[PDB]
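Within every chain, numbering begins at 1; the chains are lettered A, B, ... in the order of the sequence lines, protein sequences first and strands thereafter.
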Amino acid sequence: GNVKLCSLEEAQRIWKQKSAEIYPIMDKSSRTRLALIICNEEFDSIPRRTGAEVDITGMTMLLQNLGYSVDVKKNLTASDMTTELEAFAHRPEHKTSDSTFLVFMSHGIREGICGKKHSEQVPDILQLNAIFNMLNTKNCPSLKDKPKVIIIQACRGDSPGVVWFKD
Amino acid sequence: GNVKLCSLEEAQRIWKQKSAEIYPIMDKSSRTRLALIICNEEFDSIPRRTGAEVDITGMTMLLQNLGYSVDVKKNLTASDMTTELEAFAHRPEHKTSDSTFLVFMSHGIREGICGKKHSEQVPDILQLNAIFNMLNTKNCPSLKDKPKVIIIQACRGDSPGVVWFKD
Amino acid sequence: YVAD
Amino acid sequence: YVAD
Amino acid sequence: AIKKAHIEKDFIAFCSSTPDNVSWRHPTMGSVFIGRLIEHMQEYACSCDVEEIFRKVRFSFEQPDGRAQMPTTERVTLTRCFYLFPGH
Amino acid sequence: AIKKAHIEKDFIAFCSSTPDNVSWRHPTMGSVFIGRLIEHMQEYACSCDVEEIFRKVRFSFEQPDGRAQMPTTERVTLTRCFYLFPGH
């Protein structure tokens, strides 16, 4: 792996230290860990996110390294994205997983992440908590009590993020 | 104090352990720590939050215990709340503080917290990130790089929060 | 208990 | 650098 | 000289319920979240930074006590551990 | 029998920018956040739970590198530490 490995004593110290307040890890022999990357680089109106490939190669290899099988889906639409998510909610493998990772990479605006057909005038927005809603205990009972880590690279508007101060 | 005190060695271990990644604490002799509680118990249309007094007495005494002087403001309106916040942004004491705590207690709905005049038909809502906006580095340069802890007791809709599962 |  |  | 600062940073918000859901309040006793938050702060303000104290309040809500809520921590931009330092 | 479960719990979301603000991407190198996130995961996945790794990525953004962003952690309902356990 290219991730720095926990020697067995290290892990042991961590379970022996906090055992009641830690997510349980399923056995390496048998767990079926899934992760999902959705990445939009080619868009219909707005300019192509050159550089995204590196991000996909980076994250695919990491999650995999961390123990996950990785679906990568690219250049989708809020709706395609939704449908993928609902399918992801339904994968049997979750039953034998102990966590999941979803990664979204796209342009985004303040309402949420952009699907490929986004224009200024017709929005293709995936709402920040459509994503939550789709993996909650109702919609994804399989991941009840398991960590769901959602990671999002997207802009959140146009502002540069800084204010000036002096001295 | 009724908070369990850190003996001096304990603190020392914590600074000696993580010194680069810890917020600095100003000297007890001189820091001027402010906190703010806004609490709406009597409302104009919707029913009075009996029990709120305990919450105010609980939190006032805690923050104070933790080192803060506490403004309590009660039964305000999104606008009154805003104005209070802008005044709070402007207190000179922040300059000699190292953190702040704001606590809001009210009915709330999914758009945000309710001011006293809220009805179903005219809203008196304080937007979740009006609060952020008002204490950011632009609007409150005084608290640049200091922790701002915002605590909110309010409902977030009508749903009970549970889904049924079996076995 | 009442909700809030 | 481009923003995203 | 003028330097650039981040417009928001060092914030954390802690809400009583997860979105869309109610939170619970009692006449003679106040609101479950605020009480639990005080209990946890009293006990843990010494040894734990503010983010881990908040987690421990969420864990106190993990079995639905009949009335359920699950406090949520939001907009964290805390860049460093915030240890309160009681008695200091 | 049927028991009640919380509808949401055990979530955490990690965004590249704080609201309203841009985040930075480079042709030949990809996006600053994703790269930094990988670096930190590689180094820290062993010894730190996922929330503290995320904090350390925010701290890597504390001096505005010219281009500024400050990743934000959101909707946390993680009730327990999540240690990944690399090599296990």
So with a 6.0 Å cut-off around NZ of B:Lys117, is the heavy-atom count from everything else above 12? no
Between B:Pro141, B:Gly1, B:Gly157, which residue shows the highest count of heavy-atom pairs closer than 4.5 Å to chain E? B:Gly157
Those residues of residues 25-33 of chain E that come under 4.5 Å of chain B on a heavy-atom basis, listed by number, are E:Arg25, E:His26, E:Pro27, E:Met29, E:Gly30, E:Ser31, E:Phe33
For B:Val3, is it the side chain, the backbone, both or neither that has a heavy atom under 4.5 Å from a heavy atom of chain E? both
Distance col, row E:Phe14:CZ vs B:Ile150:CD1, nearest 0.5 angstrom, shows 13.5 Å
Could you check whether any side-chain heavy atom of B:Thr137 comes within less than 4.5 Å of a side-chain heavy atom of E:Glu8, counting everything from C-beta outward? no
Examine whether an atom of B:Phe104 lies under 4.5 Å from a heavy atom of chain E, and if so say whether it belongs to the side chain, the backbone or both; otherwise answer neither. neither
Give, as side chain, backbone, both or neither, the part of B:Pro147 having an atom under 4.5 angstrom from any heavy atom of chain E. both
Would you mind checking which part of E:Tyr44 comes under 4.5 Å of any heavy atom in chain B, side chain (CB onward), backbone (N, CA, C, O), both or neither? neither
Most contact-rich option vs chain E, by heavy-atom pairs under 4.5 angstrom, among B:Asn136, B:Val54, B:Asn139, B:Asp98, is B:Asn136
Residue B:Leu8 versus chain E: region with a heavy atom under 4.5 Å: both
I'd like to know if E:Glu39 and B:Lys4 make a salt bridge, using a cut-off of under 4.0 Å between side-chain N and carboxylate O. no
Between B:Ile152, B:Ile25, B:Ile131, which shows the greatest number of heavy-atom pairs under 4.5 Å with chain E? B:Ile152
Could you give the distance from CE (B:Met105) to OG (E:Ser16), rounded to the nearest 0.5 Å? 11.0 Å
How far does CD of E:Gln69 sit from CD of B:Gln153, to the nearest 0.5 angstrom? 7.0 Å
Rounded to the nearest 0.5 Å, how far apart are SG of E:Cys48 and CD1 of B:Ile14? 9.0 Å
Could you please spell out the steps behind the side chain to side chain contact (heavy atoms under 4.5 Å, CB included) verdict for E:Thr72 and B:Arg156? CA-CA 11 Å; E:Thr72 316; B:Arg156 304 236 261 164; 4.0 Å; yes
Which residues in residues 56-78 of chain B have any heavy atom closer than 4.5 Å to a heavy atom of chain E? B:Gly58, B:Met59, B:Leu62, B:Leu66, B:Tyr68
Heavy-atom closest pair, residues B:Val162 and E:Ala68: CG1-CB, 3.5 Å
Among E:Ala45, E:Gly35, E:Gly87, E:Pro19, who wins on heavy-atom pairs under 4.5 Å with chain B? E:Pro19
Interface check, chain E: of B:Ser7, B:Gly51, B:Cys6, most non-hydrogen pairs under 4.5 Å belong to B:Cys6
I'd like to know whether the aromatic ring centres of E:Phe11 and B:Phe132 sit less than 6.0 Å apart in this structure. yes
Chain B heavy atoms under 4.5 Å from E:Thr18: which part of the residue, side chain, backbone, both or neither? backbone
Are any of the side-chain heavy atoms of E:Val50 and B:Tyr23 separated by less than 4.5 Å? no
Name the region of B:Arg48, side chain, backbone, both or neither, that has any atom closer than 4.5 Å to a heavy atom of chain E. backbone
Go through the atoms of E:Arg67 and report whether side chain, backbone, both or neither lie under 4.5 Å from a heavy atom of chain B. neither
Counting heavy-atom pairs closer than 4.5 Å to chain E, which one of B:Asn129, B:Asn133, B:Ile109, B:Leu143 comes out on top? B:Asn129
Between atom CZ of E:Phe85 and atom CH2 of B:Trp15, what is the distance when rounded to the nearest 0.5 Å? 8.0 Å
Tell me, side chain or backbone of E:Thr79 under 4.5 Å from chain B's heavy atoms, or both, or neither? both
Hey, what do you get for SG (E:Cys81) to NZ (B:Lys18), rounding to the nearest 0.5 Å? 5.5 Å
Let me know if B:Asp158 has heavy atoms under 4.5 Å from chain E in its side chain, its backbone, both or neither. backbone
Under 4.5 Å from any heavy atom of chain E, what part of B:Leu135 do you find: side chain, backbone, both or neither? both
salt_bridge(E:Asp10, B:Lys146) N-O dist < 4.0 Å: no
Over 12 foreign heavy atoms within 6.0 Å of CD, E:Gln63: no
Does the E:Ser23 side chain pair with the main chain of B:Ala154, one donor and one acceptor, at a distance under 3.5 Å? yes
Among B:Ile151, B:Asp55, B:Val103, which one satisfies side-chain contact (heavy atoms from CB on, under 4.5 Å) with E:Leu37? B:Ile151
Which bit of B:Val149 comes within less than 4.5 Å of chain E, counting heavy atoms only: side chain, backbone, both or neither? both
Might you point out which heavy atoms bring B:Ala20 and E:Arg80 nearest each other, and give the distance in Å? O-NH1, 3.0 Å
